[PDB]
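First comes one chain, alone, set out as structure tokens in the form deposited in one PDB entry.
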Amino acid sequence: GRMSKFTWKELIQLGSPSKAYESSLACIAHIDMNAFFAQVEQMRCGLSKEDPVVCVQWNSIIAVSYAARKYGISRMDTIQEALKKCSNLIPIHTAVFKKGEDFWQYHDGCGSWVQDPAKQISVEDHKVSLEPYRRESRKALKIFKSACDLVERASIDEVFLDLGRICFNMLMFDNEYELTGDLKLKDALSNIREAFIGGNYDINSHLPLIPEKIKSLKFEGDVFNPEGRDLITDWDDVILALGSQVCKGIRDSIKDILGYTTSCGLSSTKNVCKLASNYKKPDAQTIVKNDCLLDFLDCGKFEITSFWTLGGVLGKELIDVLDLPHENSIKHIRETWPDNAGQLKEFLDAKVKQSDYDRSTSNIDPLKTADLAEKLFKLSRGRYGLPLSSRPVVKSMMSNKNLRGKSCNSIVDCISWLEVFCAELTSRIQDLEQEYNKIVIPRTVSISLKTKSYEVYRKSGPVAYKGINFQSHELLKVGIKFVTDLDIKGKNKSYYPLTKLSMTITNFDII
């Protein structure tokens, strides 16, 4: 065409962390450390990524390495079942707390699969610690925060990156990058760079057409192109290619410094990014161009239920409520309401109003349908761009134990368990303090139990600190007092042995 399909406004928008995600030109990444717990144990025990390791808790498998999966092992399997699929399996049990001890510890060469009765990790007196995974995640997150100025911690093993600044800055100012032996970005993109510093454009003006010398710019990773479309046809393509390069370097850092492999989804929107990181794994990168967004969504592997918020009960409700076919529901949503979000909105209002349609258990806000339609309209088209957003502050933290057998028959027994809970909540407060770079101190403690016959007892109250700071010993002390008060409360009633015991902290001052 004569001009690009994009404006200067939308390009310059890339350079503002608050608005960059709204640009059609946005370059978002979703990076997943797959089989995270297995990777962490592999690296700790000096093993390779091709070693069939399985992370184990009790008799179940919680993480399965991709090497282990070659043998048909899945989380579905027990350790005994997985060992009949691959006798060379390397099960590694999580760290555990022992009842009464204030620290966790690894019991290597111990597990329910080893014959020696000496080398067991009894479920009855032990509690699992996920601290080693928390810590490793923290190391990753610091390396991500180092390479990019807007990182969302989507979960323990997944982040989103907004690569707009980085990309926009490469595009305009990076005089070091070279496409070939003789070709450099500064020469190839001299026209866009001279126009931009010149300042003579109107922001709403369309961009200049991309130069031919940019078409040799290489994507890093696997560009999803079923229909064999051209790789670089406009500026959104240029930014994305740059992103993939930047994104590869970041992932190599994770591998170089910590040894973890990742999958990466690169695209304009967060939901499309997450689909792509999962599309091939492990150690892979998938780029989804804007012009392939419909090729990607329609490939066959996705349905309306594949999206972040639609994976569960609300997802089903929509299939029902929108009479969507059990295949190509996304496409089906595009064509039925082809022109605008509102068409979906009115339909919803009509279905919204029906005798069969519940109002009581409905996961659908009647007031909030305006947005629900726009979400779906745009999600169906791969243009639903949310901002990268910090997770809100914690309100509650809990550490409990499901007790079986008669281990818990006394106040003394309960107190041994509280020690483990305190130990654990202390290390979790610490993870939080680093995440926030702020002191976190809880003012309220709650002690909960379930009796022999599954009745619930509970006691909340303040915890006081002799110092300005938080001290685990003051949390325990209050816990002990509550546990003791509940003992008296249950004297000639159904009580021991307990079947469940827990500690919860709330009312944090993030001073």
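Only the largest set of C-alpha atoms that superpose within 1.5 Å between the two forms is called the rigid core. When you see a residue number, it is the position in the sequence shown, counting from 1.
Not pictured, yet referred to below: the form deposited in another entry.
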Task: Mobile residue between this form and the one not shown, C-alpha criterion 2 Å or more, rigid core, from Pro366, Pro226, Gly300, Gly249 - done: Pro366
Open item on the list: Please determine whether the C-alpha atom of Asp108 is displaced by 2 Å or more between this form and the one not shown following superposition on the rigid core.
Closed with: no
Open item on the list: Once you overlay the rigid core, does the Cα of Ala350 travel 2 Å or further between this form and the one not shown?
Closed with: yes
Task: Rigid core superposition, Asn469 Cα moves 2 angstroms or more between this form and the one not shown - done: yes
